[PDB]
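Written below as structure tokens is the structure these notes are about.
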Amino acid sequence: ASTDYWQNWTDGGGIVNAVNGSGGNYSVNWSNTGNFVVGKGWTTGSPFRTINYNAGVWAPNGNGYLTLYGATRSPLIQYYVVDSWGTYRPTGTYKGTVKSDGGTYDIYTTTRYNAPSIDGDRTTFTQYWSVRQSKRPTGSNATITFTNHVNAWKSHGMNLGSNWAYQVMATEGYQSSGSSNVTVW
């Protein structure tokens, strides 16, 4: 019943100094990055899991997100529950709203795609988002009741796969600097 997964990915831009701390704790310090994601969680996500965290440091300097992040497979769908951010509040195609864990979240979709073929053929992967309307306070224990997002998403036609991949409480950055320290359970 413990976290069992560590994600530390960068596109190779700038500096991402991620520390896989003991137990559920991690930290990141980053400088002049491209895109990166770091986080702790579980190798297999669940729609029933309540993700707990306590972010002792949330200090983006530019564009960064403090977000639940996971995927389901076949085809790959990414999802996010964004509790706090830096300069940029992530948005996309607006679907509606959900209230969870003391916050109100806007629901969006976005898309990405795999490298196009020689002929310009593309395969997409979609992202489901809940994004808090205002930044959540950090430094005390927080819950993300993921089922509430799963259910609201379903009501907007945003269905996840039965095939669960990683599920993490993440620090993500894009073209930015910052630091974070987060404990997950």
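FYI the Cβ positions are ideal-geometry reconstructions off the backbone, even for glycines, and counts take in every protein chain you see. Read-outs: derived from the displayed coordinates by stated rules, not from any lab.
Please tell me if residue 34 is among the small types (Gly, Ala, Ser), in contact with an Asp or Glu (Cβ under 7 Å, 6 or more places away or on another chain), more than 21 Å from residue 135 (Cα to Cα) and in contact (Cβ under 8 Å) with a residue 40 or more places away in the chain.
Details: among the small types (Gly, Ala, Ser): yes; in contact with an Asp or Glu (Cβ under 7 Å, 6 or more places away or on another chain): yes; more than 21 Å from residue 135 (Cα to Cα): yes; in contact (Cβ under 8 Å) with a residue 40 or more places away in the chain: yes.
In short, yes.
If you check every pair at least six apart or on different chains, which have Cβ atoms under 8 Å apart with a residue in region 144-162 that is under 13 Å from residue 128 (Cα atoms) first and a residue that is in a helix (DSSP H, G or I) and hydrophobic (A, V, I, L, M, F, W, C) second?
Cβ pairs passing all conditions: 159/153; 160/150; 160/153.
Collect the residues in region 2-12 that are in contact (Cβ under 8 Å) with a residue 24 or more places away in the chain and outside any strand (DSSP E or B), keeping them in residue-number order. If you could, list the steps in order and put the result at the bottom.
Of the residues in region 2-12, the ones in contact (Cβ under 8 Å) with a residue 24 or more places away in the chain are 2-11.
The answer is 2, 3, 4, 11.
Go through region 82-108 and give me each residue that's buried (at least 20 other Cβ atoms within 10 Å of the Cβ), more than 19 Å from residue 126 (Cβ to Cβ) and among the hydroxyl-bearing types (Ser, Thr, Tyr).
84
How many residues are buried (at least 20 other Cβ atoms within 10 Å of the Cβ), of a type in the set (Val, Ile, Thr) and either more than 22 Å from residue 87 (Cβ to Cβ) or within 13 Å of the chain's Cα centre (by Cα) (or both) if we restrict to region 31-64?
3
Being touching a strand residue (DSSP E or B) at 6+ places or on another chain (Cβ under 7 Å), over 27 Å from residue 55 (Cα atoms) and polar (S, T, N, Q) is the requirement here; does residue 124 meet it? Talk me through it step by step, then tell me what you get.
On the way: touching a strand residue (DSSP E or B) at 6+ places or on another chain (Cβ under 7 Å): yes; over 27 Å from residue 55 (Cα atoms): yes; polar (S, T, N, Q): yes.
For residue 124, the condition - touching a strand residue (DSSP E or B) at 6+ places or on another chain (Cβ under 7 Å), over 27 Å from residue 55 (Cα atoms) and polar (S, T, N, Q) - is met.
Filter region 16-30 down to the residues that are buried (at least 18 other Cβ atoms within 10 Å of the Cβ) and farther than 17 Å from residue 139 by Cβ and list them by number.
Matches in region 16-30: 16, 18, 30.
Residue 131 fails exactly one of the following numbered conditions: (1) of a type outside the set (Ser, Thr, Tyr); (2) more than 25 Å from residue 13 (Cβ to Cβ); (3) touching an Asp or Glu at 6+ places or on another chain (Cβ under 8 Å). What is the number of that condition?
Checking residue 131 against (1) of a type outside the set (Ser, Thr, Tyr); (2) more than 25 Å from residue 13 (Cβ to Cβ); (3) touching an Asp or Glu at 6+ places or on another chain (Cβ under 8 Å), the one that fails is (2).
Take residue 183 and decide whether it is surrounded by 12 or more Cβ atoms within 10 Å (Cβ to Cβ), under 16 Å from the mean Cα position of the chain (by Cα) and either in contact (Cβ under 8 Å) with a residue 24 or more places away in the chain or over 21 Å from residue 34 (Cβ atoms) (or both). Spell out how you get there, then give the answer.
Details: surrounded by 12 or more Cβ atoms within 10 Å (Cβ to Cβ): yes; under 16 Å from the mean Cα position of the chain (by Cα): yes; either in contact (Cβ under 8 Å) with a residue 24 or more places away in the chain or over 21 Å from residue 34 (Cβ atoms) (or both): yes.
So residue 183 fits the description; yes.
Go through 114, 141 for me and flag whichever is of a type in the set (S, T, N, Q) and in contact (Cβ under 8 Å) with a residue 12 or more places away in the chain. First the steps, then the outcome.
Values: 114 fails: in contact (Cβ under 8 Å) with a residue 12 or more places away in the chain.
Every option except 141 fails the conditions.
Against the condition out of contact with any strand residue (DSSP E or B) (no Cβ under 9 Å at 6 or more places or on another chain), within 21 Å of residue 179 (Cβ to Cβ) and not in a strand (DSSP E or B), how does residue 22 come out, does it pass? Before the answer, list the steps.
Numbers: out of contact with any strand residue (DSSP E or B) (no Cβ under 9 Å at 6 or more places or on another chain): yes; within 21 Å of residue 179 (Cβ to Cβ): yes; not in a strand (DSSP E or B): yes.
Answer is yes for this residue.
Residue-by-condition table, conditions (1) touching a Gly at 6+ places or on another chain (Cβ under 9 Å); (2) of a type outside the set (A, V, I, L, M):
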{"position": "11", "(1), (2)": "yes, yes"}
{"position": "29", "(1), (2)": "yes, yes"}
{"position": "82", "(1), (2)": "no, no"}
{"position": "88", "(1), (2)": "yes, yes"}
{"position": "94", "(1), (2)": "no, yes"}
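Restricting the search to region 65-94, which residues are of a type in the set (S, T, N, Q) and over 16 Å from the mean Cα position of the chain (by Cα)?
Quick first cut of region 65-94, residues of a type in the set (S, T, N, Q) only: 67, 72, 74, 78, 84, 87, 91, 93.
Once the filter is applied, which keeps residues that are of a type in the set (S, T, N, Q) and over 16 Å from the mean Cα position of the chain (by Cα), region 65-94 yields 74, 87, 93.
What residue, among those in region 95-115 that are farther than 14 Å from residue 143 by Cβ and of a type in the set (D, E, K, R), is farthest from the chain's Cα centre (by Cα)? Before you say what the answer is, go through the steps one by one.
Just the residues of region 95-115 that are farther than 14 Å from residue 143 by Cβ, to begin with: 95-98, 104, 106-115.
Keeping just the survivors that are of a type in the set (D, E, K, R) gives 95, 106, 112.
On the way: 95: 18, 106: 15, 112: 15 Å.
Per the stated criteria, the residue is 95.
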